[PDB]
Amino acid sequence: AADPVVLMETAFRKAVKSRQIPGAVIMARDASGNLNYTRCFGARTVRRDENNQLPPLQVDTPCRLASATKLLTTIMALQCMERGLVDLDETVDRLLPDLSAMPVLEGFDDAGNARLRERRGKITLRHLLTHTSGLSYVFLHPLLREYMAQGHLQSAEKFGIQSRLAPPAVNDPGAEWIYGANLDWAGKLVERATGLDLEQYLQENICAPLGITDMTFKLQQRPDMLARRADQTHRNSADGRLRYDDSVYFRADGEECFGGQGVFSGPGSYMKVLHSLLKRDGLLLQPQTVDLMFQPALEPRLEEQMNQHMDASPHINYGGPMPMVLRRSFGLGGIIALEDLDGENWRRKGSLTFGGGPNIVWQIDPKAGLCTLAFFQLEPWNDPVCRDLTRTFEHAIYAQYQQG
């Protein structure tokens, strides 16, 4: 290895030895196809097995991707566009007439009555994939917070509407960037345009081309990869020690396919998606279509307010290991760096990035010719030693690779 990489590798092993992280999978690939950096550290749980050992994280270990699923669903959405089933600026009301019928929540009275209102303008597939449709996640928006407390989402059952699709919009399309259930809608777009449930689409149109056999929504129907699945671990906010996280169990996710989250896979298979997109090999997506994913999709006003929002909310930190304050846009699939994160030393301008709940982070850097993947199974998102370790990971392999 190189000097910076052996120091980073030691930084990781000390975090496993000193109980800071349970484990991590770390992977980096070149566009030229001759960088194959993949290391594994520590365990896939904090729970000791029947053997009284910690079973190790490994490159094929099935892992909860959480919101890192959104990238996969962006590909499925764009795959449908390539095939002339949809168009980016086609109104969604053909394939999503239930979304298109939803109103926008304007606010409340002094009496406390909810003011619903007809949407101004039409929602498009491009809006969904850039989080500019105008819908938010309930627990983020103060209007949706109260709307939920009033109990108006309880009637979704009656009309057969799915819980995650139930909330009304908080704004019009093209007004704001707002993080929401857009890929859950995009997933529905894909299903009804193609006539297949997401899971069969994923298998046929993403796993098969790349030779993947450990990527699925239905983890319960795969006993072989369920037997060696990673566990979730949570970091205590009090003492900073890590404990077993059994929150998934009590939630009962339970065989329900949606495009925003839900997919389990090995880190190796997820890097295979990042790798294909980087080298323009056409197995998932037409190179011209990939070019679009890295194009700033946001209008100047929208990107200005998206930066304001992200810069003003460090407790969420969408741009994980990147500088807390940084000029970004959004392409189709993730956040785009509108500038070099640190001259030639780190991610270059035009690089695409998004992450996942258990501190999963991916990035693709066309201009630098690199793509990296930092894979953890540790909550909450925006964890400091995960963020820090990832930061030292990227810096190290960018350094080794590009000069000398």
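By Swiss-Prot numbering, chain A shows 10-413, in order.
For this deposited structure, the header notes the method as X-ray crystallography, 2.5 Å.
Keep in mind that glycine also has a Cβ here, set from the backbone N, Cα and C atoms.
In Swiss-Prot this protein carries:
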type	residues	note
ACT_SITE	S76	active site, acyl-ester intermediate
BINDING	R73, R173, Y188, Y258, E388, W390	monacolin J binding site
BINDING	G366	2-methylbutanoate binding site
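Sequence features annotated in Swiss-Prot and their locations in the structure.
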residue: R73; record: monacolin J binding site; contacts (Cβ under 8 Å, 6+ apart): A239, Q241, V257, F273, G365, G366, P367, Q386
residue: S76; record: active site, acyl-ester intermediate; contacts (Cβ under 8 Å, 6+ apart): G269, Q270, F363, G364, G365, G366
residue: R173; record: monacolin J binding site; contacts (Cβ under 8 Å, 6+ apart): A190, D193, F267, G269
residue: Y188; record: monacolin J binding site; contacts (Cβ under 8 Å, 6+ apart): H140, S145, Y146, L149, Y327
residue: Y258; record: monacolin J binding site; contacts (Cβ under 8 Å, 6+ apart): none
residue: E388; record: monacolin J binding site; contacts (Cβ under 8 Å, 6+ apart): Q241, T242, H243, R244, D254, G366, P367, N368
residue: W390; record: monacolin J binding site; contacts (Cβ under 8 Å, 6+ apart): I325, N326, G329, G364, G365, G366, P367, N368
Can you tell me how spread out the monacolin J site is, meaning the largest CA to CA distance among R73, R173, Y188, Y258, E388, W390, in Å? 26
Just how many other Cβ atoms lie inside 10 Å of the Cβ on the residue listed as '2-methylbutanoate binding site'? 19
